[PDB]
Protein chains: 2
Amino acid sequence: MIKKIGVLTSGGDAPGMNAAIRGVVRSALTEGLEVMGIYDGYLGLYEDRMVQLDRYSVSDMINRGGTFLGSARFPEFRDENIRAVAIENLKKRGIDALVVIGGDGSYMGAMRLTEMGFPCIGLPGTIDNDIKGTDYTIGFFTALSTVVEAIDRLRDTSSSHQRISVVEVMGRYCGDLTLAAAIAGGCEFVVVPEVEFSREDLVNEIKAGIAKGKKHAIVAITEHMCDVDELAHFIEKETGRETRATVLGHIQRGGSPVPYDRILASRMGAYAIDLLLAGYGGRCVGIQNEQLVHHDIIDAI
Amino acid sequence: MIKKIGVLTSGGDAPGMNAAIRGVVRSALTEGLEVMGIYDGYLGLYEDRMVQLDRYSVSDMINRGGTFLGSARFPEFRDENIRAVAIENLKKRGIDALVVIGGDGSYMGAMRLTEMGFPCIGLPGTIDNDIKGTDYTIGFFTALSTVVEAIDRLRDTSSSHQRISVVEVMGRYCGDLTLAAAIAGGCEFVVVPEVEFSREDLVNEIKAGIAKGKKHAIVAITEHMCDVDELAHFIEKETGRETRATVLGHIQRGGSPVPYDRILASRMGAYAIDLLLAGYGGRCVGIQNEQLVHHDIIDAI
């Protein structure tokens with residue numbers, strides 16, 4: 001029976017990580033436990049930079065973007081000697097288990113602390129949705145709103161001037177953000193990593209749309225597939241239509257979490273506390289067909 | 001075969017109805033069908049007020065609130081007489097099937113019409129989520145966003161002055177909206193029609209949070225449950241804490257559809273064309289464990 005737990009965020013921040021830390025904290029207290037907030041992911045874990053979290057300390061966190069505890073990249077956690085100090089730290093402090101909020105990367109280290117006998121629950125926090133065992137990641141729907149309001153603005157100007165617009169969306173390895181954005185935004189063309197993409201094809205496709213009388217278009221494309229400035233020039237050479245690329249970049253990582261992310265994060269946070277209480281460890285949470293489910297970390301890794 | 005479909009919106013309007021009409025129109029055209037837009041729901045059908053829809057006509061609708069075709073009440077549609085005239089009109093305009101968008105109210109008329117020989121498809125369009133056979137209705141996620149945005153503003157002001165705020169959410173017979181809003185909102189107390197409510201337990205509940213240190217609070221309650229000014233009076237009287245009621249009202253029904261809704265409405269509008277082409281009739285669409293499904297309308301009604 002666990003008496004005190006630690007909570008941390010690791011990986012790229014996502015809107016809702018704060019609602020999730022609030023969920024863990026409020027649940028934990030309700031169940032008589034003590035919570036220790038760990039700064040900067042595994043780095044602050046390793047350096048022993050922590051803080052005692054109470055009801056008051058998470059009272060204004062639900063509508064706030066980012067992660068109030070910070071996130072770092074501490075690749076050096078792949079090392080036994082470094083994990084060694086992590087455990088010693090946790091031990092000195094009397095922390096029984098840990099909630100880890102983050103991407104695929106953060107799960108790895110959650111597994112490893114499980115093996116050195118530190119029960120860990122992983123909560124999926126990432127804007128790209130690239131986590132197995134969950135329908136959705138925390139932060140996805142927020143990024144989807146950011147991307148679609150941007151598209152809406154780009155459509156206004158594209159349409160004023162009869163131009164073709166190329167928007168570069170985040171989610172390096174997963175087409176979710178882009179595809180969803182393409183649909184919500186009413187974009188004519190979409191380019192995802194999961195589909196055989198041909199510049200030549202695309203260009204034909206636009207020419208056809210034009211010829212039927214489309215005066216403008218919007219092309220949604222996932223980052224790291226093309227050089228969008230170059231793609232834009234290509235498109236323009238073949239259609240004679242003025243083409244401009246827009247890279248939304250890091251605005252997609254920010255902002256106040258939409259309601260789905262506030263709810264998802266709230267529900268997963270409380271549920272992680274449930275799992276810790278029943279003595280589980282090395283588990284990762286998910287939402288499947290509107291139901292909270294939990295899997296063996298290894299399955300996500 | 002099927003050559004021409006008609007499309008209408010019935011019941012209270014919902015954000016995403018324009019996206020649904022666009023999904024229908026676009027799918028139909030792609031399949032060589034001719035599309036007819038029917039004004040003011042069932043009233044327009046009876047009075048033969050329609051418009052030929054084309055690509056250009058929905059080219060801009062994905063991000064628009066309300067319904068461009070408009071929606072009206074014509075309870076008169078129950079009377080067989082009235083529906084014969086509607087039949088006379090359909091027959092005359094050469095409409096083979098109908099895609100109806102709206103509440104359970106609108107589904108009734110879709111059963112009648114199928115029975116008389118015109119295959120109807122019903123799409124769930126409502127802000128309250130009170131439609132059977134679907135995880136979610138179109139407009140629900142958009143109303144939730146309106147409500148949480150409002151709750152966020154109420155929290156700033158309630159906070160500043162150490163007040164209890166009572167907010168009345170829509171959905172008479174379904175607490176779904178209130179519940180989601182309370183959680184997404186961080187509301188300390190919620191009153192839905194699904195749970196027995198004691199005015200008294202609510203006060204103890206609140207007296208409690210106070211002594212435990214809460215300086216302010218937000219109580220989310222569904223409409224048609226209480227006089228909210230009367231309840232605010234009562235709470236003020238018992239706790240000695242300044243309490244105010246805010247009734248969001250119709251702002252809940254309007255605005256630009258959030259991403260979820262745009263997508264939902266998009267897939268459902270297309271899918272309805274797919275059902276119609278495959279031979280189905282008197283079916284109603286829904287989303288279930290993230291998959292599009294269809295049911296006998298008699299089970300949703």
Side-chain angles (χ1 to χ4, degrees), chain A residues 1-10 16-42 44-55 57-62 64 67-71 86-102 106-107 109-125 138 262-287 292-295 297, chain B residues 183 186 188 205 208-209 211 213:
Chain A
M1 193 59 143
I2 66 170
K3 258 77 92 193
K4 173 150 102 194
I5 71 182
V7 54
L8 75 82
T9 62
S10 183
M17 283 184 168
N18 282 329
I21 296 172
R22 179 178 167 279
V24 170
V25 162
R26 264 168 48 90
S27 288
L29 263 51
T30 287
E31 298 315 332
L33 307 167
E34 279 190 350
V35 197
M36 300 304 268
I38 311 159
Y39 296 109
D40 302 326
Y42 294 125
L45 174 59
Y46 169 96
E47 301 183 328
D48 199 48
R49 301 188 287 103
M50 309 177 190
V51 61
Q52 172 74 70
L53 300 187
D54 64 9
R55 295 257 172 192
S57 89
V58 294
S59 64
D60 238 64
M61 299 289 177
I62 229 232
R64 220 112 119 181
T67 165
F68 83 94
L69 296 175
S71 160
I87 291 139
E88 293 318 285
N89 281 324
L90 281 167
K91 307 274 211 185
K92 197 190 169 128
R93 302 260 173 175
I95 295 157
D96 310 318
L98 228 68
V99 188
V100 173
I101 304 151
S106 84
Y107 283 11
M111 185 155 65
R112 273 70 187 29
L113 295 186
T114 292
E115 296 160 13
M116 320 163 176
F118 268 98
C120 284
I121 317 288
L123 301 202
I138 293 162
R262 311 188 180 179
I263 301 179
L264 181 59
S266 298
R267 291 166 75 200
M268 297 183 160
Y271 186 66
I273 297 303
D274 284 347
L275 309 187
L276 285 185
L277 281 190
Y280 284 118
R283 315 296 288 154
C284 83
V285 178
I287 185 209
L292 288 185
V293 304
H294 61 95
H295 312 312
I297 273 173
Chain B
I183 302 166
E188 15 273 289
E205 278 313 277

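Letters A, B, ... mirror the listed sequences (proteins, then strands); counts begin at 1.
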- Flag side-chain contact, heavy atom, 4.5 Å: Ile121(A) against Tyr271(A): no

- Task: Locate the shortest heavy-atom distance separating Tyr107(A) from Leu123(A); write the atom from each residue and the value.
- Result: OH-C, 3.4 Å

- Looking only at non-hydrogen atoms, find the nearest pair between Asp96(A) and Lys3(A) and report the distance. OD2-N, 2.8 Å

- Message: For the backbone of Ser106(A) and the side chain of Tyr42(A), can you confirm whether one donor and one acceptor N or O come within less than 3.5 Å of each other?
- Response: yes

- Hey, could you give me the CG/CZ distance between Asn18(A) and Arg64(A), rounded to the nearest 0.5 Å? 7.5 Å

- Message: Please identify which of these residues, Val24(A), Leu8(A), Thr9(A), meets the side-chain contact (heavy atoms from CB on, under 4.5 Å) condition with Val99(A).
- Response: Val24(A)

- Item | Student check: side-chain heavy atoms of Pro124(A) and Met268(A) closer than 4.5 Å | yes

- Is there a side chain to side chain contact (heavy atoms under 4.5 Å, CB included) between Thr67(A) and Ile101(A) once you walk through the steps? CA-CA 10 Å; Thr67(A) 165; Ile101(A) 304 151; over 6 Å; no

- Atom NZ in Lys92(A), atom CD in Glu88(A): separation rounded to 0.5 Å? 11.0 Å

- Taking the side chain as every heavy atom from C-beta outward, state whether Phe118(A) and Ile87(A) have any pair of such atoms under 4.5 Å apart. yes

- Mind checking whether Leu277(A) and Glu31(A) have side chains closer than 4.5 Å, heavy atoms only? yes

- Task: Quick one: pull up CZ in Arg49(A) and CG in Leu69(A) and give me the separation to the nearest 0.5 Å.
- Result: 11.0 Å

- Task: Answer yes or no: is there a side-chain heavy-atom contact under 4.5 Å between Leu53(A) and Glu34(A)?
- Result: no

- Query: Of the non-hydrogen atoms in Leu29(A) and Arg55(A), which two are nearest, and what is the gap between them?
  - Reply: CD2-N, 3.6 Å

- Note on the structure: Rounded to the nearest 0.5 angstrom, the CG-CE distance for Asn89(A) and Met50(A) is 5.5 Å

- Query: Any side-chain heavy atom of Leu276(A) within less than 4.5 Å of one from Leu33(A)?
  - Reply: no

- Item | Nearest-0.5 Å distance that lies between atom CZ in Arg22(A) and atom OG in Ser27(A) | 9.5 Å

- Looking only at heavy atoms, the pair that brings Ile138(A) and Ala20(A) closest together is CD1-CB, 4.1 Å

- Item | Donor-acceptor under 3.5 Å (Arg93(A) side chain, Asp48(A) main chain) | yes

- Message: Just verifying a value: how many Å separate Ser10(A) OG and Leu45(A) CG, rounded to the nearest 0.5 Å?
- Response: 10.0 Å

- Item | Taking every non-hydrogen atom, the tightest pair across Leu292(A) and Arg267(A) | CD1-O, 3.6 Å

- Message: More than 12 heavy atoms of other residues, nucleotides or ligands under 6.0 Å from OH of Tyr39(A): yes or no?
- Response: no

- Message: Please find the pair of heavy atoms, one from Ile62(A) and one from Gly186(B), that lie closest to each other, and give the distance.
- Response: CD1-N, 4.4 Å

